Novice: 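I am attaching a structure below and will ask some questions about it afterwards.
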Amino acid sequence: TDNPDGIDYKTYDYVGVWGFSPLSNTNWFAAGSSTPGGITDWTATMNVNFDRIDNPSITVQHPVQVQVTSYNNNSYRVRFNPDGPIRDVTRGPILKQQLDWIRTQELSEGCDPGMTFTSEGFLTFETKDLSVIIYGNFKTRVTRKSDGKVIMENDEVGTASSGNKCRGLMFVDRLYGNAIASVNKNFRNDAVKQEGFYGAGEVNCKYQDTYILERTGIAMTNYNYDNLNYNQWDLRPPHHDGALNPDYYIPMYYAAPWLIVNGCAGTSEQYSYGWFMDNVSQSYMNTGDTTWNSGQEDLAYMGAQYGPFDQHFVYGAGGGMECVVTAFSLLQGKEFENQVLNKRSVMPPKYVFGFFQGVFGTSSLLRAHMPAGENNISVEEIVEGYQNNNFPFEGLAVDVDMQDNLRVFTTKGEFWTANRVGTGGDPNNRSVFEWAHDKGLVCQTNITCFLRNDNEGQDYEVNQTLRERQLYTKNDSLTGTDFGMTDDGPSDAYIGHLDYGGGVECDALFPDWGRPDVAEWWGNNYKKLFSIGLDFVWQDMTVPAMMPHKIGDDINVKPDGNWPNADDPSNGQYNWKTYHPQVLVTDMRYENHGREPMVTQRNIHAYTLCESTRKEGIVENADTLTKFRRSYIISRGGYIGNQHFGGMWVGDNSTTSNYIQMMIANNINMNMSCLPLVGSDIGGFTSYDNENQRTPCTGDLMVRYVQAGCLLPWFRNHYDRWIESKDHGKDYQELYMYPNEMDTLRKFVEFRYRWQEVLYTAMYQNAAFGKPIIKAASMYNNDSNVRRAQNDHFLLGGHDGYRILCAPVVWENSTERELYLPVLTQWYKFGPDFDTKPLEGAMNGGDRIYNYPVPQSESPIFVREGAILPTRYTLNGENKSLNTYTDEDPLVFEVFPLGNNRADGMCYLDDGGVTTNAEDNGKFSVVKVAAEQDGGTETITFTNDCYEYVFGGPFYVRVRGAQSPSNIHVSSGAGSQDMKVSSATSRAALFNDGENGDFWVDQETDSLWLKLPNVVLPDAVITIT
Ligand SMILES: [Cl-]
């Protein structure tokens, strides 16, 4: 049952954007005509005649399904399979069960798309706000009902005399190829529309010297790659001379065949739609790039090396690009499972929003057991540097260093306090993770799916059981390709090589994920780590990222780094730094459907890995977790839909301004690709100094790195550390190693920690509603200037997710930047210093300030009027990890100056992930707050949408711009009472000694503080007079 559909696989090698050219028409089929093929449920079939564009007398027929996926959220889908019957994927972001759930709900509400074939055979249907017509040759126009504006239309190509063929549906004649493509008209050059294309995951694009956000006029590809520095040499265009810089034609780590098109921006006729080509073979997105003749300025397309064809058009309910993101997340949602919390993604433990330090190149837990070696460092020293210097510090990313000889799921003695491996729970021999718990820390650790194979006769149970149970990918192909063999065997296994450089390497087997049993086996391995104290998972090398290899060479031998190239191409010999693509893997798209060459599904491997970790590792083995029952995954690879397994970090970046610019753009783009919990190594991962690789990141670049990342969702300083036994990397990078900048560095981490609830509540808004945490500037509506600012201005936080504006400096040795403030609102300069002083005067939205001053010690961060933000403080005033906060560490609702006499706020509350009762049983709370000024009376109202988690400590209201009141009354189901002036005359004293029902006039910061008892949190009317 290998190759059950009888495909002839014509192409195995990577094919750059330079070699993908559907608009050349040659050997491509396109839709030429059709007849109606019936409608069942919300799915119409059209029986489409595909004609060869270059010889239209050559013709073949395939059924094409047109399916309304949501009436209310204005989305539909087009799918066909030129290779066999249309088939529902059993694994992936979009599942039939969820589509069914959506349709069932909408039907029960009376939604009627009115899907009909006209007498002429044209298909027409409506969604809430749209109407669609599809003509005989599949020509499609999507019209918005309110104004009659056509907001999307696909493309037609002419032929000499055989009629117009619609390139909206294309595939290569199977005599020649396997590729597919779909082409729209692209209005980027239209003077009024000025369409811009956004999204596409982690792709980097340079314009002049600057990395930018928008992805218009460019040819992109998804081909998950071990792309260290984002510019791997083997990924260069044909005959490329000189340095290869990160740029748009280079694949990254996450597969995101996803674009959001935004036209008429900032105007009342703005429109936005998403375009998802749901394909896990190498895919392409060309937004009008003429380079290599890959595209045409006025056309846009998506395509892929292999079928099937399955495409979603997602317009969203409300107006604005954000609404496209929320609608896309619904299609991928888990409502069909009746998730009480995790509808659009999975909630992390609170601790995931802490500051972590990772080091590649530690050599022990304790100094007392650190082996001598140039620049060697113990985990203990790192923890001391942060804690002794009073940094808010969450814990560690422990790398492959801790393993016994790169055996995943193991540790070695040096990473235990008594210098020997225990089974856990021994107070006189604690593992790195147990010891870390005692420091108030939590840890992630590096897990890949390389199971070391060259063990020189030493027992390695994980590899042994994989062999015995035959769960490893075999060495079979349809091409008779010899993938190589070692003395270790087995004789039928696919054997690869892991290479961390500097001699840190090993042979490996890999799990054949598509097999039944593999996922359960994998997940069970995590018990070996959870039972010794591991908190969460750091998933690496997920392509799987194998050492480059050429067929015929030894498994441990890599090719010359210049190979392959245009003059000496791969010709089916290169592995493209993963599985040689000929390898037969058990199908990961369709269960119990046989094996297919990996080329058909490269981009689903990392996704399937994370899925197995999540379900069979983290969830099924939750009982074996120690301190926190909720866990999480931070992954390096994945595919649309990864957000239900965990978050991401953008792989191996480096230490320059350009990587800061990239980190910001990556974060915004990933967020709009429905992966919200993402970040990039703070300070940069690899060496940057070409003359001496060991030179650390400068103090100024570090300050800017930290400032730019301090409110981004995943915040970890991690780097490659030069040590004697791994002689590549930088000397150090830890924030405490920068004495001159230490105070600034510390205060930005403190600032993040104070806004821990702003982040956590935004994550809740993602899990519940699919709202991206980080907003692209163009998500701010009715503003014709945000587009210009979108490279480095972003928003987050508050009730609506647009209460905070960030515009970090993205250049070293720079103390000014061009600032744009979104229009139709007021802004307040904020940041680390403003907790302890008054706000400055309001800044008018719409203002553009050239050379806006930004000292090194500052970053441009602004709170919008009408924000009430939940803010946290430690009771004793010392910095501690998030995971060791209790409800006795004050929760404070900070009321910023009112917008139109009003302010609003929201706070999600649960036990931080100590248990999984929030997501399993609905044990969480959602508190809302409002402030209203009505003459001489301010009313501050607390209500709840649910209150299943009881906050155990007093909470506060801090009103900015208020001082001494005549009276404050508090009404609440618990008690109705007047407040009294506190005898405490400072904040520490109000916190520690102040009585419930005290107010404190804070002159230093022009704030009024109300101390209230916990019982009044879910419901209260506070009237200040
Ligand atoms: Cl990866």
Side-chain angles (χ1 to χ4, degrees), residues 1-4 87-92 95 97 280 337 407-410 447-453 455 459-477 483 488-496 507-531 537 539 541-544 546 578-579 583-598 600-602 604-624 631 633 635 637-639 641-642 644-646:
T1 51
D2 294 356
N3 189 18
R87 209 148 36 244
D88 286 322
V89 298
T90 44
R91 177 185 279 111
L95 298 172
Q97 310 92 288
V280 298
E337 296 175 339
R407 284 161 198 141
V408 66
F409 299 109
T410 73
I447 303 295
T448 70
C449 71
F450 289 65
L451 303 315
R452 169 163 205 162
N453 196 50
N455 294 306
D459 303 336
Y460 172 35
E461 194 254 26
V462 176
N463 176 280
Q464 197 280 145
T465 60
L466 183 78
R467 289 172 169 245
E468 207 282 332
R469 296 186 67 189
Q470 294 198 34
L471 305 178
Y472 54 86
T473 305
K474 308 272 193 200
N475 62 355
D476 298 326
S477 62
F483 301 127
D488 296 308
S491 64
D492 70 338
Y494 186 100
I495 309 183
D507 290 354
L509 308 184
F510 307 84
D512 196 357
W513 299 106
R515 282 180 206 263
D517 287 14
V518 174
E520 172 79 338
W521 169 85
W522 176 245
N524 278 343
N525 287 317
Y526 281 87
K527 286 186 283 170
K528 291 155 65 86
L529 288 177
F530 296 161
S531 68
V537 181
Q539 205 96 265
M541 311 293 278
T542 69
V543 181
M546 308 190 197
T578 184
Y579 280 121
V583 71
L584 282 177
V585 297
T586 312
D587 202 331
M588 287 178 286
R589 315 159 299 169
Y590 310 108
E591 63 192 10
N592 294 177
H593 193 67
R595 308 149 93 202
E596 304 278 289
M598 179 55 101
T600 61
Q601 53 194 275
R602 179 194 190 92
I604 208 172
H605 180 279
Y607 171 109
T608 306
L609 160 59
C610 295
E611 182 196 71
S612 304
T613 294
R614 172 65 193 162
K615 172 171 178 175
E616 287 83 13
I618 291 173
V619 171
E620 280 193 13
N621 286 294
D623 291 352
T624 71
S631 184
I633 303 176
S635 183
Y639 177 62
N642 250 249
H644 292 98
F645 317 135

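For this chain, numbers begin at 1 and follow the sequence in order.
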Novice: Does atom NZ of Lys528 have more than 12 heavy-atom neighbours, drawn from other residues, nucleotides or ligands, at distances under 6.0 Å?
Specialist: yes
Novice: Do the ring centers of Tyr494 and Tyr579 come within less than 6.0 Å of each other?
Specialist: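 Here the rings of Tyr579 and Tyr494 have centres that are less than 6.0 Å from each other.
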Novice: Under the side chain to side chain donor-acceptor pair (under 3.5 Å) test, which residues partner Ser612, sequence neighbours left out?
Specialist: none
Novice: Less than 4.5 Å apart, side chain to side chain, heavy atoms only: is that true for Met546 and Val543?
Specialist: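 Result no, sub-4.5 Å side-chain heavy-atom pair not found.
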Novice: Checking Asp488 now: which residues fulfil salt bridge (charged side-chain N to carboxylate O under 4.0 Å, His left out) with it, not counting sequence neighbours?
Specialist: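 Counting only residues at least two positions away or on another chain, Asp488 forms no salt bridge (charged side-chain N to carboxylate O under 4.0 Å, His left out).
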Novice: With respect to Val585, which candidate in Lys474, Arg595, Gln601 satisfies the side-chain contact (heavy atoms from CB on, under 4.5 Å) definition?
Specialist: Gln601
Novice: With a 4.5 Å cut-off on side-chain heavy atoms, are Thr586 and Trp513 touching?
Specialist: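 They are not in contact (no side-chain heavy atoms under 4.5 Å apart), so the answer is no.
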Novice: Please find the pair of heavy atoms, one from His605 and one from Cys449, that lie closest to each other, and give the distance.
Specialist: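 Shortest heavy-atom contact: CE1-SG, 3.6 Å.
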Novice: Nearest 0.5 Å please: distance from the CE atom of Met541 over to the CG atom of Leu609.
Specialist: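 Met541 CE to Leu609 CG: 12.5 Å, rounded to 0.5 Å.
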Novice: Is there side-chain contact between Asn463 and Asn453, with at least one heavy-atom pair below 4.5 Å?
Specialist: yes
Novice: Which atom pair, heavy atoms only, marks the closest approach of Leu509 to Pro490?
Specialist: CD1-CD, 4.0 Å
Novice: Might you work through the side chain to side chain donor-acceptor pair (under 3.5 Å) test for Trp522 and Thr613, ending with a clear yes or no?
Specialist: CA-CA 7 Å; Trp522 176 245; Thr613 294; 3.1 Å; yes
Novice: Below 4.5 Å, heavy atoms only, C-beta onward: do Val537 and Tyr526 meet side chain to side chain?
Specialist: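 A side-chain contact exists here, since the closest heavy-atom pair is under 4.5 Å.
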Novice: For residues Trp521 and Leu451, report the shortest heavy-atom separation together with the two atoms involved.
Specialist: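 Heavy atoms of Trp521 and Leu451 come nearest at CH2-CG, 4.2 Å.
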Novice: Do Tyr639 and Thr608 have side chains that approach each other closer than 4.5 Å (heavy atoms only, starting at C-beta)?
Specialist: no
Novice: Quick one: does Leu471's side chain get under 4.5 Å of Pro511's, heavy atoms only?
Specialist: no
Novice: Between the side chains of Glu611 and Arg91, is the shortest nitrogen-to-carboxylate-oxygen separation below 4.0 Å, so that they form an ion pair?
Specialist: yes
Novice: Counting C-beta onward and ignoring hydrogens, is there a side-chain heavy-atom pair between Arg407 and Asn455 closer than 4.5 Å?
Specialist: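 In short, these two side chains touch, coming nearer than 4.5 Å.
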Novice: Check whether any side-chain heavy atom of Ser635 lies under 4.5 Å from a side-chain heavy atom of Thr542, and answer yes or no.
Specialist: yes
Novice: Check for me whether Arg467 meets the cation-pi criterion with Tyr472, that is, NZ or CZ under 6.0 Å from the six-membered ring centre and within 45 degrees of the ring axis.
Specialist: no
Novice: Taking all heavy atoms of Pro4 and all of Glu596, pick out the closest pair and write down the distance.
Specialist: CD-OE2, 3.3 Å
Novice: Check this for me, if you would: do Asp507 and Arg452 make a salt bridge, where the nitrogen-to-carboxylate-oxygen distance has to be below 4.0 angstrom?
Specialist: no
